[PDB]
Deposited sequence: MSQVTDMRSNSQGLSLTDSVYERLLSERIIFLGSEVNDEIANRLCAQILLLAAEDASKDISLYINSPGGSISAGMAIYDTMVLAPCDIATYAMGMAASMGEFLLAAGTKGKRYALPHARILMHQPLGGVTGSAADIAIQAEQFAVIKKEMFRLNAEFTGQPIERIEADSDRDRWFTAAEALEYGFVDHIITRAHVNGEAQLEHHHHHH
C-alpha cells in the first residue's frame, strides 16, 4: 500500500511516526523501528514525529525504554497533538533536540490486586520521569495531570516539554 511504502521510505531517512493512540501493538511496531534504526547505524540521529492522543502507560513506557536503549539521539517533534504518553515521549527526546511545531498542543493526563500493584509502580515512574524531562517538581506534575492541563507550543517551551519551537527546518 502507498501509505506503508511512504513510511518505509521515511524509515530509510531515519524518520519515524507515532501517529495514533499508544497501545501494545503500536508500541511493538515502534520499538521494532527504533531497534532497526539503531542496529543499522548507531551514530546517525533518529527523528520521531508525534501526533498522538496517547494511551497505555506500559505501552508508552516500552517505547521509552527503547529510546533509552538506542545509542543514537532521538529528536522528537510535536507535529500536531502530544497528549498523555504522547507528551511523555515528546519530553523524553534527547535534550537539545525536542521540538514543537508552532500550532502543536501538549496535553497532560492522569491515566486485579496484581494489576493495581503494577499500575501504581508504573504510574509513579511516569511522574518521576516527567519531572526529570521538564525540570518541574513531581508535585506540579501530579497536580497538572489531575486537571488535564494543556499547553500551546510557547507554553510547552516555557514548561520544559521541548527545547525549540521550529517554523522553517
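Annotation: deposited residues 1 to 14, 126 to 135, 194 to 208 are not represented by C-alpha coordinates in the model.
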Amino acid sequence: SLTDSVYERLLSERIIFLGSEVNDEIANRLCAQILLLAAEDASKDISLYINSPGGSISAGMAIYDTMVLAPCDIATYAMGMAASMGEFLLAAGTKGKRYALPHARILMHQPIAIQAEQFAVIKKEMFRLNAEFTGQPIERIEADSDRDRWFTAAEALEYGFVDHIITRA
From here on, numbers count along this sequence of modelled residues.
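Taking only CA atoms, the mean B-factor in the PDB entry is higher for 102 to 110 than for the other of 62 to 70 and 102 to 110. Relative to its counterpart among 148 to 156 and 11 to 19, 11 to 19 has the higher mean temperature factor, C-alpha atoms as listed in the PDB entry.
Sorting 32, 121, 48, 26 by the CA temperature factor given in the entry leaves 26 at the top. The entry lists a Cα temperature factor for residue 134 that places it in the middle third of the chain's modelled residues.
Compared with the other modelled residues of the chain, the Cα B-factor recorded for residue 83 ranks in the middle third. Per-chain ranking of the deposited C-alpha B factor places residue 126 in the middle third.
In this PDB entry, the Cα temperature factor of residue 117 sits in the bottom third of its chain's modelled residues, the lowest group.
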